[PDB]
Each structure stands twice: as C-alpha cells, then as structure tokens.
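Trainee: Order-wise, the sequence lines are chains E, V, R, Y and Z. Going by full-length UniProt numbering, the letters in the first sequence line up with residues 708 to 806, in that order. Going by full-length UniProt numbering, the letters in the second sequence line up with residues 856 to 954, in that order. Going by full-length UniProt numbering, the letters in the third sequence line up with residues 1004 to 1053, in that order. Going by full-length UniProt numbering, the letters in the fourth sequence line up with residues 708 to 828, 854 to 1139, in that order. Going by full-length UniProt numbering, the letters in the fifth sequence line up with residues 560 to 676, 689 to 707, in that order. Just dropping this structure here.
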Amino acid sequence: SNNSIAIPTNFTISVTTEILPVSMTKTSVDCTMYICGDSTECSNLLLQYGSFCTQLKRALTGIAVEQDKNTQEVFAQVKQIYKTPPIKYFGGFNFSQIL
Amino acid sequence: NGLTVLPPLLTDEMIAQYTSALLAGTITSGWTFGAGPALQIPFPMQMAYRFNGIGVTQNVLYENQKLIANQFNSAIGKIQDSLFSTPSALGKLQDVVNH
Amino acid sequence: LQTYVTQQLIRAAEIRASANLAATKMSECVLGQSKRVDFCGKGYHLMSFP
Amino acid sequence: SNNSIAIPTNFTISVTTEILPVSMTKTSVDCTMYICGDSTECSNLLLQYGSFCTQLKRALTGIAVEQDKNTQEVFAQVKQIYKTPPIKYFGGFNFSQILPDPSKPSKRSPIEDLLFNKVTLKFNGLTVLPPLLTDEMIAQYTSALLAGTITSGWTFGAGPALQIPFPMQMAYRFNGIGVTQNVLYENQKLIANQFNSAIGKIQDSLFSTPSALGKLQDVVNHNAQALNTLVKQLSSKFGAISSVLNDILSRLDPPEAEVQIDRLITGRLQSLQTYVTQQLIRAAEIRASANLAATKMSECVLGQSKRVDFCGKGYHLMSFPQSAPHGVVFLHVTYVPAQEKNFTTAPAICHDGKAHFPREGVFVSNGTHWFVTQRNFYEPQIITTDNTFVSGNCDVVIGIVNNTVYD
Amino acid sequence: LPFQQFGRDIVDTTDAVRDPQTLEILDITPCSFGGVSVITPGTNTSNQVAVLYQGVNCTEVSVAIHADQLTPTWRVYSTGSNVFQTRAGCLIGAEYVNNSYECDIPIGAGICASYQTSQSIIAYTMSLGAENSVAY
Ligand SMILES: *[C@@H]1O[C@H](CO)[C@@H](O[C@@H]2O[C@H](CO)[C@@H](O)[C@H](O)[C@H]2NC(C)=O)[C@H](O)[C@H]1NC(C)=O
Ligand SMILES: *[C@@H]1O[C@H](CO)[C@@H](O[C@@H]2O[C@H](CO)[C@@H](O)[C@H](O)[C@H]2NC(C)=O)[C@H](O)[C@H]1NC(C)=O
Ligand SMILES: *[C@@H]1O[C@H](CO)[C@@H](O[C@@H]2O[C@H](CO)[C@@H](O)[C@H](O)[C@H]2NC(C)=O)[C@H](O)[C@H]1NC(C)=O
Ligand SMILES: *[C@@H]1O[C@H](CO)[C@@H](O[C@@H]2O[C@H](CO)[C@@H](O)[C@H](O)[C@H]2NC(C)=O)[C@H](O)[C@H]1NC(C)=O
Ligand SMILES: *[C@@H]1O[C@H](CO)[C@@H](O)[C@H](O)[C@H]1NC(C)=O
Ligand SMILES: *[C@@H]1O[C@H](CO)[C@@H](O)[C@H](O)[C@H]1NC(C)=O
Ligand SMILES: *[C@@H]1O[C@H](CO)[C@@H](O)[C@H](O)[C@H]1NC(C)=O
Ligand SMILES: *[C@@H]1O[C@H](CO)[C@@H](O)[C@H](O)[C@H]1NC(C)=O
Ligand SMILES: *[C@@H]1O[C@H](CO)[C@@H](O)[C@H](O)[C@H]1NC(C)=O
Ligand SMILES: *[C@@H]1O[C@H](CO)[C@@H](O)[C@H](O)[C@H]1NC(C)=O
Ligand SMILES: *[C@@H]1O[C@H](CO)[C@@H](O)[C@H](O)[C@H]1NC(C)=O
Ligand SMILES: *[C@@H]1O[C@H](CO)[C@@H](O)[C@H](O)[C@H]1NC(C)=O
C-alpha cells in the first residue's frame, strides 16, 4: 500500500558455517621407474623420445610449490603471535568452544 | 612404482597457532590489529561499535547485553550438534581427498 | 602419464581459485566488518571466526 | 582489561607497490611447415588425418584475440585524454616522479623508465604477432588516468569531470576514513613532506631489490622456454631410423618409407597438441589476473575503497597506476596510526538520573577529568548536550560512571 | 678453427658452412615465409580487398613478385601509392592517410583500416580519443 510500513520490534543472533578447500596433495613421479622398471633396453629405447619427461617434472614441481603458496597466503595474514589473557571473562560472552 | 607424496611445509600445529593468534587478536583489539598497532578495547564496546555499523544505535546493546550474550552462547552451542549429526557437511574436503 | 598430469593441472587451477576466495574472506570478514550483501553470511554481518 | 582503551596520537603516510601481469605473447603456427618441411609425400600422408590442424589454428587465434581484449579492458577505462596544467604546484605535494617527462623522447615517467630498463629480457613455421596497442599509447592512457585524478578527484569516473583544489580533495579523503577535516588543514605541510619522502624511497626499494618483478620475468621466461622446447623437439626419432625426411626418402623404397614417415608425423603432432594445451591453461590464468587488475583499476584509482587490504595495508587514501612491460604497477597510499597511549573508559554517563551516550566518539579519562574524543586521533573535548543523547534512565547500563554534563 | 666444418646454433640448426673448394665460411639464412591476411568490408558493400604479408619488408615481396617467386599467385595491382610498410608487414591495396579516426579493422602496431570516400580503402594511425584539459 502507498501509506503503510512495517518495522521490526525484536531481533535474533544467528551463527552459520562455511567450508572452503585450500590445498591438495603434493606428488612427484619418476619416468624411468614407472615406464621401464629396471630394464636397460627400455630406458635406451625411451631415450629416443625427447624431453617428454622434463616437462612432466616441471609441471608437478610447479603444482607442489603453488600448494604451499596457497596455505601461506590464507593463514599467515598477521605478523605477531597474540596471546589471550589468563582470565576468560568477556562481558558474559563464552568462547570456550573456539579457543 | 616411482610415485611419492611430499609432506607440506607447515605442520598442523603451526596452522593451529596461526588460527589461535587470529582469534586472540580480534577479541582483545577488534579490527584495529589488521591495519597497524593493536589497540585494546573492552568487548561490549566493540560490539556497540559493530551494532553502530549496521544502522542500530548504541543503547540497544547496552540495554539488551545479557539477552544478546545468552543468544550468542546458545547459537554457538547448537553448532556442535549441527556439524556432528549431519554426515555430508564436509563433502568438499572429502571429495578433495577422494579424487 | 600425460593424461594424469593434465587432469592434475586443471584441478590445481580450480583449487587456486578457491584459495584466493578464502584469503579474501579472511581479510574482509575476520579483520573487519563487511557491507557486501551475503558475503559473510545471510543477514547483517557482525563478525566472524576462523 | 574491561575498563581500559588505547588511542593513537600521531599517524604515518606510507606507499607500497603491487605488480600484476596483464597479457602474454601472441604466436601462430603453420602445421605443414612444422611437420612436413617441404616434402610433398609427407603432406599427402598428413591429409589422411582429419581436422587436427584447423582446431590448433582456431585455438591460437582465440588466444591471440583475448590477449588484446585484456589490455583494452585494463587501460581504456576513460573516454577523454586529460592534460595536466602547465604549472605543477599542488599545495606542496610533489608528483614529478610519476608524471610524464618531456625531455625523454618517449614521454615516460622516471619510474616507468626504471621499470622498462629493469624487465627487458623465425624458427620453423613459428611466428610472433605484435600487439595492437603500442607502448606509447599505453603510456598516454596512463597519463590521462593520472591527470584526471589530480585535477578532479573521483568525479571523472562517474560523469563530467569537476575540478577541485588538491588539499580539499585530500580533506574529503581523510573525512572518508573517520578523521575530521581540520586534521589535514592543521598538518598540511607535515603530511606533504611525509608523502614526498615516501614517494622518494620507492625508487631505491624497486631498484636495489632484483627479484621485485618476478611475475613479469616468469611470464617472459615461460613463453621463451616453451618455444625452445618445441623447436628442439624437431630432432627426435620417435622410433624411426632418422630425423630427416630427405635421408629417409633417399635410401628407402617408397612403400617402406611410409612407416617411418607415419612415426615422425605422429610424434610431431603429439608435440604440437601438448604445446597448445599448455598455452590454453596459461591463457586462462592470465585472464583471471587481468580481470583482477581491471577491478583494482576501477575501485582503487577511480574511487576510494572500504574493503580491507584490497588497495594496500592500512586505511586506503588513493592510488596511482604505472605501465610496465606486459603488466601494470599500482602505488597505494594509506594512513597508519602511531604512538598510542593508555586510557580509562566508560560506556555511559549519568546526570540527573539520565544516561548519556556520545553521538560520535568515545568517553575517555586522563585520571581526573572526563572528555569525549573521536576514536582515531586523540582530540579531547568537553562533554555537553551538543555531542550526547540521553536514551535511558540510569540503571540498566553496566559500568556507568556519573559526572557533570554542561549546556 | 682450422678443423671444423659446420656451425651450430643453440637449438642445433646449422647456420654457417665452410666451402670445401676454398676455405671460406658462409652464413646461411632461411628464405622468407609468413602468413597472409585479407582485409575486406562486407560483400554487401563492395568486392575490393587489401592483402597483408606478415613480417616481411616490402622490397622483398616486390622483387619476388617481379620475378614470380611467390607461392600464392594474386599479383594484386601494385603500381602507385598503395604499397605501405608497417611493423606488422607489407600492406598492399590501401593508401595511407594522415588523419586519425576510431579503429574499425585492427591491423597491427597502432594501424587500422576502413572504407571511406571515389570510395576506397584507407589506412591510418588510430585515435585514442578527443583531447581534453580541465581548468585547474
Ligand atoms: C524478544 O525476543 C526474546 C527471545 O524470544 C524475548 O525473550 C523471551 O521472553 C519470554 C517472555 O518474557 C521468555 O519466556 C523467554 O524465555 C525469553 N527468551 C529468552 C531466550 O530468554 C523477548 O521478551 C522479546 N522482546 C520483546 C520486547 O518482546
Ligand atoms: C562456557 O560454556 C561451557 C560449555 O558448557 C561451560 O562449561 C561447563 O561448565 C560447567 C561449570 O560451570 C560444567 O558443570 C559443565 O560440565 C561444562 N560443560 C561442558 C560441556 O564442559 C563453561 O562453564 C562456560 N563458561 C563459563 C565462564 O561458565
Ligand atoms: C608526529 O610524528 C612526526 C614525525 O615523527 C613528528 O615530527 C617530528 O618532530 C620531531 C620533534 O619536533 C622532529 O625532530 C622531526 O624532524 C619531525 N619529523 C619530521 C618528518 O619533520 C611530530 O612531532 C609528531 N607529533 C607529535 C604531536 O608528537
Ligand atoms: C620534486 O622532487 C624532485 C626530486 O628531487 C625535485 O627535483 C630537484 O629539484 C632541485 C631544484 O629545486 C634540483 O636541485 C635537484 O637536483 C632535483 N632533483 C632531481 C632528482 O632531479 C623537484 O624540485 C621537486 N619539486 C619541486 C616543485 O621542487
Ligand atoms: C494510493 O493513494 C491514494 C491516495 O493518495 C489512495 O486512494 C489509493 O487507495 C492508494 N493505493 C492503494 C493501492 O492503496
Ligand atoms: C572487570 O571489571 C570488574 C569490575 O566491574 C573488575 O573487578 C575486574 O577486575 C575486571 N576484570 C579485569 C580482567 O580487569
Ligand atoms: C597501555 O597499558 C599497558 C598495561 O599497563 C602497557 O603495557 C602499555 O605499555 C600501555 N601503552 C603504552 C603506549 O604505554
Ligand atoms: C587531566 O586534564 C586536565 C585538563 O583540565 C588537567 O588539569 C589535569 O592535570 C590532567 N590530569 C593528568 C593526570 O594529566
Ligand atoms: C554516582 O556514582 C556513585 C558511584 O557509582 C554512586 O554511589 C552514586 O549513587 C551515584 N549518584 C547517584 C545520584 O546515584
Ligand atoms: C682447388 O682448385 C682451385 C682451382 O684453381 C684452386 O684455386 C684451389 O686452391 C684448390 N683448392 C685447394 C685446397 O688447393
Ligand atoms: C627494407 O630493405 C631496405 C633495403 O633492403 C632497408 O633500407 C629498409 O630499412 C628495410 N625495411 C625496414 C623496415 O627496415
Ligand atoms: C600528413 O600531414 C603531416 C603534417 O602533420 C605531414 O608531415 C605528412 O607528410 C602528411 N602525410 C602525407 C602527405 O602523406
């Protein structure tokens, strides 16, 4: 209606959660062991294939370094380690479950 | 067969320490520690500032302090049950491991 | 091996996007109070804890 | 403690930097030249493989066009080229290091010259395409963006540009972080000196440190390395008897050279596909970075931001762009408190059985007398009905302290 | 040195050879190559075109054309003020003006093309916008 309004008279305090992934597992692979277990003939044959194995190593190393960069960025925001006071009275608010 | 898994640079205890510092900074200082030196302030005054920051005057908190503290305490309490009973809560982290 | 590595690269890009979002949320909901609608929860934001 | 507060009595002006990649190199490849140099037999054999070569061309063309779209989005924000006045007096602030220098032939700032000198650094069917915008045009865009924000503030990003003297714009920007106007007008000279010295230190901090532009350096290095790998992959056998098509055809029987030619064809085609997929992934990453750069240009240069730690560490004041090879550099100017002090505080004041709360500020005590102050800069005042409101009787509040309030 | 025969670069492609008859070292270079691009307005408008030879000096394409040593055989009308040199390559079929308009068809390092007025195809240096100065 063009002359009617609604105004709240009471409130509510609510808590919700949110989950976010940050990092994953770091792995490395060895071409010779995986493709040609211990045979010398297989490694000699694989030599005539170029740099298909340097590239995989470089890619996996880049992924591994980025995995640490992610965690460093999210969590190392602060510069000093703050300590909480021995007494835990904060005006009636209770923080035991999160401290 | 030639496949390895590398440990992360930061152990779980260090991540817990970072989280603890982030919690201790925001209880005894508010939002001031994220922009310079950390300046202390009592918790009810910080909550008064935060109410002032959403269009509600200060006196509401000072007149409803005890009720608001009880509401916050109960809301924190329900989180344990809501997280524990529901199994599919951490689906994202579970999928990260599974893949 | 090539298939495995390509799949890993794509998943890593997705994880990096998620981590950037997490860092922004840490900066703006924990170190301050946010005015963006529905960024730090449904309602009028007060504070957050990690 | 539950009755103690700390309030700063002095501040600091600081400048930090931020580097972001924007675009990468544009390349094109010719299948026939790379796979089958000039032999007709190899091309005839490659014909029976389908459209594996139209797809690579389309993918590379899409990457090349997106590379220009990125630069267009970041830098062509404005619509008109603004010029700066001939005189360069702006209330004591010094902008010489960031404004274009006429003596230099390329019309670049000293800091832009430092970056340009710091980064720095036809195969077989492989080409490199020049970007659509030359470096001078990007410098002109940057100069227009700088001239607009000095003589107009943030008004030129939302309509017609309206002029305003620089100290008044700085007063508005202090007003925008919870500090009253008179602080700037009473500390103008000191603040200008602080800004000048902070700009001065940037040359040394950038020049001495070698690993500053690691992101742009890596952008160049990866593109160089991929091409070197691609060309040096041309001398592998892939199980054949040789790596030269002529030597295969010279000393072999035509129905017997087909096996070797097929092996070479498959190997080289696999190499091309690997190269193209890697390029696509890198392009997606660069596009994400360029979108972030465009947002930062919109929100830190054309306005003042309230997001925490978006335009630098501290309370944001303003930012300036600089053009770098394949990227952009931001100079974020922030406000930082300093020199705090203990105080005793109370939430309300009782007077004649009436509670009192401050309209804007916090009650504070120096041990004997009670004042009211703004909560970013120590400036005590005398409690009065002109800066308080009543709203309550005297007893619901906890920790209320009673004193005198005048009129 | 008096015992080598070849010259090898970083990526192991020969780029210097000594003559066996007379001991003299000759530097070698691949013959020119590159892409070809066609600039056209809509076929609804007209049927004229311009051709861009990417990354090549204009004298080389002129010489190869005059000695019929080019692979794609167009031999577009090349007499007069239609051969222009850009940082992207040799542009044939459009005349260069010294005005500045908004970019229509991107070509190269700050050069665009358009169909203007009789009617013909022109090339110009693109304009970033109208110059302005605020009275500070
Ligand atoms: C605002 O809502 C709160 C929460 O429902 C009300 O507090 C309740 O009041 C009733 C009646 O006095 C009690 O039975 C409940 O136990 C109270 N809740 C709690 C958590 O203690 C409050 O009365 C409401 N305010 C107004 C003005 O109606
Ligand atoms: C904060 O909440 C916790 C959770 O209940 C309280 O812990 C309880 O403390 C009482 C003693 O006061 C014990 O009888 C309960 O068994 C405790 N519960 C649990 C789950 O451990 C804690 O007391 C609260 N904080 C304060 C200051 O009272
Ligand atoms: C706020 O800080 C500034 C910067 O330190 C102070 O200015 C300095 O004052 C001392 C003593 O007068 C001088 O020796 C310095 O040379 C000043 N610095 C500069 C850059 O000129 C200022 O005095 C401080 N304000 C207060 C109230 O203490
Ligand atoms: C802004 O800062 C520059 C940088 O120092 C000043 O340039 C100096 O000017 C003086 C003359 O006043 C010369 O003696 C110095 O050699 C200059 N330094 C450099 C590095 O060139 C400039 O003067 C300042 N702006 C104003 C208006 O004074
Ligand atoms: C709008 O206001 C007019 C009077 O100004 C009133 O007659 C009319 O009923 C109103 N509209 C509605 C939907 O109530
Ligand atoms: C909290 O305030 C009470 C008085 O209201 C005081 O006795 C107590 O010491 C205070 N707590 C701390 C930690 O100082
Ligand atoms: C504020 O009070 C604490 C507690 O006594 C003290 O350690 C601190 O040094 C005080 N602040 C200043 C600036 O002295
Ligand atoms: C507090 O400020 C008043 C100002 O009127 C002054 O007279 C008094 O000496 C101050 N007390 C202390 C301890 O500095
Ligand atoms: C003023 O404050 C004191 C201490 O809190 C208290 O004892 C006194 O009753 C107050 N004044 C009145 C009129 O209540
Ligand atoms: C090969 O014969 C030519 C013919 O005169 C002569 O000039 C040249 O010196 C000879 N080469 C050597 C290595 O003697
Ligand atoms: C083209 O060749 C001529 C002579 O061969 C040379 O003078 C000119 O500089 C060359 N073009 C360019 C763009 O360098
Ligand atoms: C265009 O005009 C300029 C004058 O600014 C002149 O230098 C140039 O030669 C002209 N272009 C021609 C004649 O093609």
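We treat Cβ as the ideally placed atom computed from N, Cα and C, and that holds for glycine.
1. Enumerated in chain order, which unbroken segments of the beta strand (DSSP E) with a length of 3 residues or greater are wholly contained in the stretch 856–891 of chain V?
2. Can you list the residues of chain E that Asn928/V reaches, using a CB-CB cut of under 9 Å?
3. Among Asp1084/Y, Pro1112/Y, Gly1099/Y, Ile794/Y, whose alpha-carbon lies nearest the alpha-carbon of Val1137/Y?
4. Taking Cβ positions only, does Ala1025/R come closer than 8 Å to chain Y?
5. Along the chain, where does the beta strand (DSSP E) that runs through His625/Z open and close?
6. Using a C-beta to C-beta distance shorter than 8 Å, which residues of chain R count as neighbours of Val911/Y?
7. In angstroms with no decimal places, state the Cα-to-Cα distance between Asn717/Y and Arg905/Y.
8. Is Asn978/Y helix, strand or coil when you go by DSSP?
9. Consult DSSP for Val736/E and reduce its assignment to one of helix, strand or coil.
10. In the DSSP assignment, what are the bridge partners of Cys749/E?
11. Give the straight-line distance between the Cα atoms of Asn925/V and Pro899/V, rounded to the nearest whole angstrom.
12. Tell me, please, whether the CB atom of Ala903/V is closer than 8 Å to any CB atom in chain E?
13. Report the start-end ranges of each alpha helix (DSSP H) in the stretch 902–989 of chain Y that is 4 residues or longer and not cut off at the edges.
14. Could you tell me the distance, in whole angstroms, from the CA atom of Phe1062/Y to the CA atom of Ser730/Y?
15. Return the CA-CA distance between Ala1025/Y and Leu1034/Y, expressed in angstroms with no decimal places.
16. Can you say whether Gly880/Y is buried or exposed, counting buried as having 16 or more other CB atoms within 10 angstroms of its CB?
17. Quick one: does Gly1035/R have its CB under 8 Å from some CB of chain E?
18. Assuming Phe797/Y contacts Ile882/Y (C-beta within less than 8 Å), just tell me the rounded distance between them.
19. Any heavy atom of ligand 1 closer than 7 Å to the Cβ of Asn928/V?
20. Taking a cut-off of 6 Å, which residues have a beta-carbon closer than that to any heavy atom of ligand 4, in chain order?
21. Can you give me, in chain order, the residues of the stretch 758–770 of chain E that have a beta carbon less than 8 Å from any beta carbon in chain V?
22. Between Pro863/Y and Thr778/Y, how many whole angstroms is the CB-CB distance? I'm expecting something under 8 Å.
23. So the candidates are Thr1009/Y, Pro1069/Y, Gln1113/Y, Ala871/Y; which of them puts its Cα closest to the Cα of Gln762/Y?
24. For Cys617/Z, which residues in the same chain have their Cβ closer than 6 Å to its Cβ, ignoring the five residues on either side in sequence?
25. Which of the three DSSP states is assigned to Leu754/E in this structure?
26. Contact criterion: CB-CB distance below 8 Å. Does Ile1013/Y meet it with respect to chain R?
27. Look at the alpha carbon of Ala903/Y and the alpha carbon of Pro807/Y, and state the distance between them as a whole number of angstroms.
28. Starting from the Cα of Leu945/V, find the closest Cα among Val781/E, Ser708/E, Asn709/E, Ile726/E and give me that residue.
29. For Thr1076/Y, decide whether its Cβ has a neighbour in chain Z, counting only Cβ atoms nearer than 8 Å.
30. For a contact meaning CB atoms closer than 8 Å, what does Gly908/V contact in chain R?
31. Below 8 Å on the Cβ atoms is my guess for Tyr674/Z versus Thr604/Z; work out the distance and round it to an integer in Å.
32. May I have the straight-line CA-CA distance separating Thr1027/Y from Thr696/Z, to the nearest angstrom?
33. So the beta strand (DSSP E) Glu583/Z belongs to, where does it begin and stop?
Mentor: From the atom records:
1. 858–861
2. The sequence position of residue 928/V within the second sequence is 73, counting from 1. Within chain E, the residues near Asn928/V are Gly799, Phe800, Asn801.
3. To locate residue 1137/Y, count along the fourth sequence from 1; it is residue 405. Per the Cα distances, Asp1084/Y.
4. Within the third sequence, the letter at position 22 stands for residue 1025/R. Answer no: the Cβ-Cβ gap between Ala1025/R and chain Y never drops below 8 Å.
5. What you label residue 625/Z is simply residue 66 of the fifth sequence in a count that begins at 1. Here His625/Z belongs to no beta strand (DSSP E); instead the alpha helix (DSSP H) covers 617–625.
6. Position 179 of the fourth sequence holds residue 911/Y. The premise fails here: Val911/Y is roughly 17 Å from chain R at the closest Cβ pair, so nothing lies under 8 Å.
7. Start at 1 with the first residue of the fourth sequence, and residue 717/Y comes out as number 10. Start at 1 with the first residue of the fourth sequence, and residue 905/Y comes out as number 173. The straight-line gap from Cα to Cα measures roughly 18 Å.
8. Sequence index remark: in the fourth sequence, residue 978/Y carries index 246 (1-based). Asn978/Y: helix per DSSP, three-state reduction.
9. As a position in the first sequence, residue 736/E is number 29, starting the count at 1. In the structure shown, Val736/E sits in a strand (DSSP, three-state: E or B).
10. What you label residue 749/E is simply residue 42 of the first sequence in a count that begins at 1. In the DSSP output, where bridge partners are listed per residue, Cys749/E has none listed.
11. Sequence index remark: in the second sequence, residue 925/V carries index 70 (1-based). Sequence index remark: in the second sequence, residue 899/V carries index 44 (1-based). Answer to the nearest angstrom: the Cα atoms are 14 Å apart.
12. Translated into positions along the second sequence, residue 903/V becomes position 48. Judged by the 8 Å Cβ criterion, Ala903/V is not in contact with chain E.
13. 914–918, 920–940, 946–964, 977–982
14. As a first step, residue 1062/Y is located in the fourth sequence; it is residue number 330 there, counting from the start. As a first step, residue 730/Y is located in the fourth sequence; it is residue number 23 there, counting from the start. Cα to Cα, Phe1062/Y sits roughly 16 Å from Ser730/Y.
15. Taking the first residue of the fourth sequence as position 1, residue 1025/Y is located at position 293. Taking the first residue of the fourth sequence as position 1, residue 1034/Y is located at position 302. Using only the alpha carbons, I get a separation of about 13 Å.
16. Taking the fourth sequence and counting its residues from 1, the one referred to as residue 880/Y is at position 148. Buried, since its Cβ has 16 or more Cβ neighbours within 10 Å.
17. Your numbering for residue 1035/R matches position 32 in the third sequence. Not an interface residue.
18. As a position in the fourth sequence, residue 797/Y is number 90, starting the count at 1. As a position in the fourth sequence, residue 882/Y is number 150, starting the count at 1. About 7 Å; that satisfies the 8 Å criterion.
19. One-based indexing of the second sequence puts residue 928/V at position 73. Every heavy atom of ligand 1 is 7 Å or more from the Cβ of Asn928/V, so no.
20. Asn801/Y, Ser803/Y
21. none
22. Counting from 1 along the fourth sequence, the entry for residue 863/Y is found at position 131. Counting from 1 along the fourth sequence, the entry for residue 778/Y is found at position 71. Confirmed, about 7 Å.
23. For the purposes of this step, residue 762/Y is taken as residue 55 along the fourth sequence, with counting starting at 1. When only C-alpha atoms are compared, the closest one is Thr1009/Y.
24. The residue given as residue 617/Z occupies position 58 in the fifth sequence. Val642, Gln644, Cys649, listed in sequence order.
25. By one-based count along the first sequence, residue 754/E stands at place 47. In the structure shown, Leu754/E sits in a helix (DSSP, three-state: H, G or I).
26. Stepping through the fourth sequence from its first residue, residue 1013/Y is reached at position 281. Yes - at least one Cβ of chain R is within 8 Å of the one on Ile1013/Y.
27. Here residue 903/Y corresponds to residue number 171 of the fourth sequence, with the count starting at 1. Here residue 807/Y corresponds to residue number 100 of the fourth sequence, with the count starting at 1. Cα to Cα, the separation comes out at about 26 Å.
28. For this step, residue 945/V is matched to residue 90 along the second sequence. Checked all of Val781/E, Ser708/E, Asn709/E, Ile726/E; the closest Cα to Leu945/V is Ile726/E.
29. Position 344 of the fourth sequence, counted from the first residue, corresponds to residue 1076/Y. Chain Z, which has no Cβ nearer than 8 Å to the Cβ of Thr1076/Y, makes this no.
30. The residue you call residue 908/V lines up with position 53 of the second sequence. Within 8 Å Cβ-Cβ: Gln1036.
31. Numbered from its first residue, the fifth sequence carries residue 674/Z at position 115. Numbered from its first residue, the fifth sequence carries residue 604/Z at position 45. Taking C-beta atoms under 8 Å as the contact rule, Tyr674/Z and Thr604/Z qualify, at a distance of about 6 Å.
32. As a first step, residue 1027/Y is located in the fourth sequence; it is residue number 295 there, counting from the start. As a first step, residue 696/Z is located in the fifth sequence; it is residue number 125 there, counting from the start. Cα to Cα, the separation comes out at about 29 Å.
33. As a working mapping, residue 583/Z is identified with position 24 in the fifth sequence. Per DSSP, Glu583/Z belongs to no beta strand (DSSP E) and is neither H nor E.
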